[PDB]
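Below is one structure; the comments refer to it alone.
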Amino acid sequence: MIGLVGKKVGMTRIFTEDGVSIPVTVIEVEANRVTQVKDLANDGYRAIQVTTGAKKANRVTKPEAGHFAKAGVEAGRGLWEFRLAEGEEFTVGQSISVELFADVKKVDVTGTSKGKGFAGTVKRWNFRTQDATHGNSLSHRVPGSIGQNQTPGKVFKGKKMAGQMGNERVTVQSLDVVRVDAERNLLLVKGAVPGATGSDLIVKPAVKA
Amino acid sequence: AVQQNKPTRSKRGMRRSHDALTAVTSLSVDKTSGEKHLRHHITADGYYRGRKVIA
Amino acid sequence: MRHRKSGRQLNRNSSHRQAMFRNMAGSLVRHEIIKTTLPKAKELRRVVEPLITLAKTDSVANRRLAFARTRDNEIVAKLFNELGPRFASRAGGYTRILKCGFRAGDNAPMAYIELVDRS
Amino acid sequence: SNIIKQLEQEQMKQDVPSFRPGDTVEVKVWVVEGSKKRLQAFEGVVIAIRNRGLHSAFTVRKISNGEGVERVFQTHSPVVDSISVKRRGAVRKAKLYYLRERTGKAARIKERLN
Amino acid sequence: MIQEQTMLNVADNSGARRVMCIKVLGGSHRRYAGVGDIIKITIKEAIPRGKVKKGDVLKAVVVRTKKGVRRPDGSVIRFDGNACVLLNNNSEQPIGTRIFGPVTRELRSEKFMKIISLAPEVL
RNA sequence: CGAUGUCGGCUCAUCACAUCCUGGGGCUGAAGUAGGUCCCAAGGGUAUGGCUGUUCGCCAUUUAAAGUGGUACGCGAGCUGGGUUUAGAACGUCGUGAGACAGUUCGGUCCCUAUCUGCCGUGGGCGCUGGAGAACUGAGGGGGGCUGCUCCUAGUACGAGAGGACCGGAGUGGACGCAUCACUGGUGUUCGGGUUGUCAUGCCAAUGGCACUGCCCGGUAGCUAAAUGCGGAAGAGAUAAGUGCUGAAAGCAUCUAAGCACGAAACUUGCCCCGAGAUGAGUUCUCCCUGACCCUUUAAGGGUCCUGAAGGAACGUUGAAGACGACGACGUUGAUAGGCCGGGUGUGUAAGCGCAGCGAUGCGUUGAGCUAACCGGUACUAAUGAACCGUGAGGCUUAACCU
RNA sequence: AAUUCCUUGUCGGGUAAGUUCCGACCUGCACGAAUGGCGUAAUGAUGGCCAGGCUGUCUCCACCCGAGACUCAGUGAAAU
RNA sequence: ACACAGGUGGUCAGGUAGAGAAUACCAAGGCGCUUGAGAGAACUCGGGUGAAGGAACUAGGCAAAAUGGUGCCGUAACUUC
RNA sequence: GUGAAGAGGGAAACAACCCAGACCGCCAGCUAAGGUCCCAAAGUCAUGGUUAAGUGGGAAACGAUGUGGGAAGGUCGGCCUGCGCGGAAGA
RNA sequence: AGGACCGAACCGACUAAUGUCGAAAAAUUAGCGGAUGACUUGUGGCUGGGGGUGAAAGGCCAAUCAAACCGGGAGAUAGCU
Ligand SMILES: [Mg+2]
Ligand SMILES: [Mg+2]
Ligand SMILES: [Mg+2]
Ligand SMILES: [Mg+2]
Ligand SMILES: [Mg+2]
């Protein structure tokens, strides 16, 4: 199937009658407007491009304005593209509500995780810290050995070192759908999704059925 | 912790290539005093956006 | 990670930072305009605008709070007499930052911070 | 962000008495097994209260037969059924965590009047 | 949360008074043991006329923990001390014939039903 | 030997398979269960402790196991310095002695700010053939590919008995990884209170300074785990060991020389991430640029005046983005930041006044006062310009398509 | 044994598990009486072992506060 | 060798609390230590706090943590008393 | 004998192996060892056979034969032989 | 009364961290031992190199000690580099 673009509103919980507190994630999914439908005859692959939200004429540029004018819809935050399966068809300018998730049970959410900046090896790769005492000198959280003697004579690629952590595209798979709503443009997903409050999320049906 | 060969004037020139200054272009003029000043900064005489704000 | 944290520490511990802001608030209320480094100005704003907010109302308790926060009888007197009823028609935002230039000693971004009414 | 506020407002219950920390309370909670539902009482001293709208909770400490049990409760959770206040404590501190090491009749709390 | 080298109290009448968890069972590299978890213990203190003597190596189940339990509604039940009921070494059955102090509802199983019936209070 | 400076341990790994477990098979002195041996298979996993400086080893207790090796017996410009192998001293033995040891004992300085390669991240320049704003395809590359227990099948087949399946399904755990603060918590020297000593604000009251935040008590937001969600797959193609069908050479037989079908955590996909510097520089959508003079080697030439757009950049306010860059939001046609109002939260009944108590204190005003980073509004303050960069339709041959 | 190679000798105690420790045996490689032998109260920044409280020593690290690291202005080394 | 966190003999030495010339805050008196401004990454240094456990770390409780005052009661083996 | 004290061409690279001893210059020809599909100069030359293993392009005891050739015995069983196959696992 | 006890000045230096092209060619910080005595310190004097002195380590004798420093023999000698 296809997915939708939402904004992460935050997290809360839902109490059920049998006394279960289900931690959920509120995802505001407004009606996505389709701007361009690509097919094999002109693009080599079939897919749709959608937009969500609202911008202002002062904030939109001339190429984006022309693209949205040719599409016939109002300008949204950005443009996201969903791969089409075989059989499903969509028209330019079509508004896609959150009724697509009315029958799904598990969804995958994708979004840029929080940015941890320059993180150390202990924070990033869960290295075990060395001794804080017993003579240890200036090596309390250092990575330690990063190779072998002159036989390799180098450091292998993909060696876990300190560096940039977070702030990257992360997908969480097979999240149970708790409650869908169209009049409020909501999507309550059980569990945690990547990103901060107010980040753009991409919610698609779970591939790992 | 020290070099085994000396780097050249070429490597020195490249490392110094990335360390260069940049000339400020945002030089506005005051509508009333007519003197050059940085954007969002008061003039030498105490004017800003055509209003004497500093004695 | 400075995630949604506010306030600049300005290479000072909490005591020195609070004392410097107290002295700078006193000096700003005394002279109605001063020149300081741009981050010092942006933090002095957050320090000294609540003082004028306390000065807008008038009570013994508020005068005592302002004296606790400024430690200057002359400053609290001026703050409750002149600047108090003066900003009665403003909804906050009593100061004005005017970036002057760069200090000759260490090349720091200087700025004149003044009261909006000083005319 | 009023969406989460609206969800919390629609899930919150309007049948919660006003209790202060230090009061002796009794919570009737639902214990389920299969289809049999019983109402179990847990009567102790409120040592902590956290107010977060829907996510509000309270920590109650009862000295059982041999040990001293502490149980936190979500105020708007359906596992609880009723909250009653027997005594009203006259403490002047929000978190009564010193009652853990009081462990005696010096853990008694004076009453207050109205 | 009971790990290796953790002193527990005894909630039964087997004779032991203080035990020390020497090994948490259930898997490799396992580090903690909540309520209703078999642990390998050794007896540090005991009474003279008891069914178990000081220095034995038996199994036991954690019944009270300072860390507490997590009910599905998100409510916790913390205790003032870490208690346990001793078990036989191979039959996993309680050695004592009484239970002292409250226990939790996590023990309603086919192995601990005797304990949770014998306990004076199940909260 | 104009120095390759250590046995072990810690952190960190990486490879091989002569495979410890998981996986697939063959034979059995394989009834089943459990095993013995052999073949294929390196994807992952492959203990915590007591003793000793120990590698090794002995012992205690779990699971699927606590594999064997290589990498300067990996790893000290990464850490320790217990032993060994300095200078002090002592015991036993040896020698008259200085001293020495198939020996033992107590104590005994571990330097280096990274030039180059390498690696982890992140930028600037240019290219990609007019320039620009976006969305992608995917050549290629990287990561998890761990598993126990229980239940149903079923007390079924098997089996003298006792025990007790294969195949298949479901539930629940341990370790590991990813993400997030809704819960439980930790921190929260920027919030509130208590309190000791002292100094000051003239004094009382009330505050402020210092004493590790003076010592404490709680604690907002963020950050975080012990907290909470998710993942390991299913499937498909080609196979290893192995099992075969049909089948001649060789009138039979034969899994093979022709042809066909099964067949593993292994290989290629499938899942997630990076990814057109993929110089092989890809695709799609949209936007903008449609002037006149001269000259010389008839150049893809330069110059003159006018235009210099779409967009970008600089500057300002800034961010759950961040070392700096970079990235994102906003710049009066605005909620970007600060302030203000309302709220929430936290601390917890401010100060002043009155009453009781001659006198510490209590009581009412009062769940008051104060409240950071949170939520919703509000232009009060600060975000001043088409000012700067970027232009005038974009080279030759061919090939189809109109002259 | 500050002395014992065999040797982590053997037995008892301690610990779930003790090459160290404590009390014994003598089979003292290779104790021994002023190069003093054996005890010994008190003392010791002395050596070895055990127990209690205590704790980030660790399980397994988390957050915060200051000083550098980082960026801007000025001055401006070194070994090699 | 330096406008160097070192060394250098003797005299005077007040208030409050304090046994005290320790200590904490002050008086007289003298200083703010001759590079600064921001940022608030890894990592290092000096500190604060910490769920459950409490030496499981390590050669070794190394380091930290902990105890800490006055008055009264009470205080073991051993001993040169 | 060579290197030491000898460069040049070959064996990928490789003092000591093979060919060959540099007085200098030349944009001439012929050869040695080794080679003639391309890297990379020269035969995708000619004739008669073998191998089906990438043997060539790492090896043994032994095992089976998979084929080629020769001489013998009553279509069939033995003998000698050329090229093969398995034995053949490492960072 | 005490080569008595706890603990400042003073003397010393047991542990750890920092520092190791340091602030310092031996220190800083946090702890530490003695602290009426075989104590410590100021001024001056004496002992001179196979010599001094040494509550003894081959320790100290001007940042140097199994034989100080300076000058001379001296361009020692070097089958070594
Ligand atoms: Mg806008
Ligand atoms: Mg050398
Ligand atoms: Mg050593
Ligand atoms: Mg002994
Ligand atoms: Mg600089």
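Okay, here's what the table says:
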quantity	calculated
Efficiency of FRET between E:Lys114 and A:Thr91 - r from beta-carbon atoms, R0 56 angstrom, step 0.05	0.25
Measure of compaction for chain C (Cα Rg per 2.2 N^0.38 Å)	1.10
DSSP-loop trypsin sites (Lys or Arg not before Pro) across the range E:5-71, with at most 15 other Cβ within 10 angstrom	E:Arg30, E:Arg31, E:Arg49, E:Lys51, E:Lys53, E:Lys66, E:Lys67
Whole-Å semi-axes of the ellipsoid equivalent to chain A (Cα gyration tensor, √5λ, descending)	41, 24, 17
Most mobile listed residue (A:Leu186, A:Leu84, A:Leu138) in chain A, GNM with C-alpha springs under 10 Å	A:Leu138
Formal net charge of residues neighbouring B:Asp45 (Cβ-Cβ distance under 10 Å; K, R +1; D, E -1)	-1
Average beta-carbon neighbours from other chains, 10 Å sphere, peptide D:74-84	4
Those chymotrypsin sites (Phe, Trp or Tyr not before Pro) in the range A:63-161 that DSSP places in a loop and that have at most 13 other beta carbons within 10 Å	A:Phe156
Shielding by other protein chains, A:12-18, mean Cβ within 10 Å	6
Calculated FRET value between A:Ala54 and C:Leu38, using beta carbons and R₀ = 35 Å, to 0.05	0.50
Highest-first arrangement of D:93-102, A:38-47, where packing means the average Cβ count within 10 Å	D:93-102, A:38-47
For the range E:44-123 versus the range D:68-113, the gap between their alpha-carbon centres in whole angstrom	27 Å
Derived scalar couplings ³J(HN,Hα) [the range D:99-110; Karplus, 6.51 cos²θ - 1.76 cosθ + 1.60; whole Hz; x for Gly, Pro]	5, 5, 9, 4, 6, x, 6, 6, 8, 6, 10, 5
Positive dipole terminus of the protein assembly as shown, leading residue within B:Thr43, D:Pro17, A:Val207 (C-beta point charges)	B:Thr43
Listed residues A:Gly191, A:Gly135, A:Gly53, most fluctuating in chain A (Gaussian network, C-alpha, under 10 Å)	A:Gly135
Top positive-direction residue, dipole computed over chain E with Cβ charges, set E:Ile95, E:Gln3, E:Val76	E:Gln3
At 0.692 mPa s and 37 °C, Stokes diffusion of the range E:48-115 via Kirkwood alpha-carbon radius, µm² per second	244 µm²/s
D_trans [Stokes-Einstein, Kirkwood Rh over alpha-carbon pairs] for the range D:26-114, 4 °C, 1.567 mPa s, µm² s⁻¹	90 µm²/s
Amide H contacts of A:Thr35 (H built 1.01 Å from N, under 5 Å, at least 5 apart or other chain)	A:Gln49, A:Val50, A:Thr51, A:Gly93
Relative exposure of A:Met161, C:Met20, judged by other C-beta atoms within 10 Å (fewest first)	A:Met161, C:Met20
Span from the the range D:12-33 Cα centroid across to the the range A:157-209 one, whole angstrom	36 Å
Residue-wise HN-Hα coupling along the range A:172-180, computed from phi with Karplus coefficients 6.51, -1.76, 1.60 (Hz; x: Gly, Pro)	10, 10, 6, 9, 5, 7, 8, 8, 10
Separation between Cα centres of the range A:116-136 and the range B:7-27, rounded to whole Å	37 Å
Ratio of the Cα radius of gyration of chain E to 2.2 N^0.38 Å, where N counts its residues	0.98
Residue pairs, from the table E:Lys59/E:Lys114; A:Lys123/E:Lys67; C:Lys78/C:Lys99; E:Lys23/E:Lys59; B:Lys52/C:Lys40; C:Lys35/C:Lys99, whose Cα atoms sit over 19 Å apart	A:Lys123/E:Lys67; C:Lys78/C:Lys99; B:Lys52/C:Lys40
Along each principal axis, Cα extent of the protein assembly as shown, largest first, Å	104, 82, 70
5 angstrom amide H check on A:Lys116, placed H, neighbours 5+ away	A:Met165, A:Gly166, A:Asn167
For A:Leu201, distant residues with modelled amide H under 5 Å away	A:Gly6, A:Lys7, A:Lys8
Taking C:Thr53, E:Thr104 and counting other C-beta atoms within 10 Å, the order from fewest to most	C:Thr53, E:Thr104
Exceeding the 18 Å Cα-Cα cut-off - candidates D:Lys62/D:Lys105; E:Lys44/E:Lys66; D:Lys28/D:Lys86	E:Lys44/E:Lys66
J(HN,Hα) series, the range A:80-92, from Karplus relation 6.51 cos²θ - 1.76 cosθ + 1.60, nearest Hz, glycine and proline x	10, 10, 10, 6, 7, 7, 9, x, 6, 10, 9, 10, 5
Sorted by Cβ neighbour density within 10 Å, fewest at the top, the residues B:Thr32, A:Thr151	A:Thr151, B:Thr32
Top of C:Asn62, C:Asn13, C:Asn23 by mean-square fluctuation, Gaussian network on chain C, Cα under 10 Å	C:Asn13
Solvent-free Debye scattering, log10 I(q)/I(0), computed from the Cα coordinates of the range A:6-97 at q = 0.11, 0.12, 0.19, 0.21 Å⁻¹	-0.45, -0.51, -0.90, -1.01
C-alpha long axis of helix A:62-71 to longest principal axis of chain A, angle in °	50 degrees
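None of the figures in this text is laboratory data; all of them are computed from the coordinates on show. FYI the Cβ positions are ideal-geometry reconstructions off the backbone, even for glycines, and counts take in every protein chain you see.
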